[PDB]
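S.K.: How does the following fold in three dimensions:
(chains A and B)
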Amino acid sequence: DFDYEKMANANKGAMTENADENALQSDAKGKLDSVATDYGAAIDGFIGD
Amino acid sequence: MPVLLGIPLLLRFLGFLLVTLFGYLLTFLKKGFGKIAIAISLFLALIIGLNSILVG
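M.R.: Numbers count the residues shown, from 1 in each chain, chains lettered A, B, ... in the order given. See the structure here:
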């Protein structure tokens, strides 16, 4: 009386992680939005000299 | 939201390359604004130089 649908849900749990979409998307921006403030600052500081 | 065992590390790596490459573009920008500093300096130095000959 193999529980076909208990082995499956035990293969899954051992070959799957957990991921929050809106947390991997907030870090990415966080790091690319710090290099874009130094690119702007540079440009702005040349037109003021 | 269940995912496979390697996808979260592909997504972290695709934003390491981007920050590294966007880091190089900054370095090169700053260099080219240093050329326009050298250039201006040179020009104004050649003018101040001619003055000193002619008035002599």
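
S.K.: quick one: secondary structure of residue A:48?
M.R.: Secondary structure assignment for residue A:48 (DSSP: H, G, I helix; E, B strand; the rest coil): coil.

S.K.: Is any residue of stretch A:14-25 near chain B?
M.R.: Yes. Using Cβ under 8 Å from any Cβ of the partner chain, stretch A:14-25 reaches chain B at A:15-21, A:24. Just so you know, the C-beta spots here come from the backbone N, C-alpha and C atoms, and that holds for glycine as well.

S.K.: Just to be sure, which of these are found in helices?
M.R.: Of the residues of stretch A:14-25 next to chain B, the ones assigned to helices by DSSP state H are A:21, A:24.

S.K.: Next, see if the longest helix along chain B gets close to chain A.
M.R.: The single longest helix within chain B, with elements called by DSSP H, is helix B:17-54. Yes. Among the residues of helix B:17-54, B:18-19, B:22-23, B:25-26, B:29-30, B:33, B:36 lie within reach of chain A under Cβ under 8 Å from any Cβ.

S.K.: Kindly reformat those residues as JSON lines and extend each row with neighbour count and distance to residue A:8.
M.R.: Below are the residues of helix B:17-54 next to chain A laid out as JSON lines (neighbours: other Cβ atoms under 10 Å in any protein chain shown; distance: Cβ to Cβ, whole Å):
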{"residue": "B:18", "neighbour count": "14", "distance to residue A:8": "38"}
{"residue": "B:19", "neighbour count": "13", "distance to residue A:8": "40"}
{"residue": "B:22", "neighbour count": "16", "distance to residue A:8": "43"}
{"residue": "B:23", "neighbour count": "11", "distance to residue A:8": "45"}
{"residue": "B:25", "neighbour count": "10", "distance to residue A:8": "48"}
{"residue": "B:26", "neighbour count": "15", "distance to residue A:8": "50"}
{"residue": "B:29", "neighbour count": "14", "distance to residue A:8": "54"}
{"residue": "B:30", "neighbour count": "12", "distance to residue A:8": "57"}
{"residue": "B:33", "neighbour count": "13", "distance to residue A:8": "61"}
{"residue": "B:36", "neighbour count": "11", "distance to residue A:8": "66"}
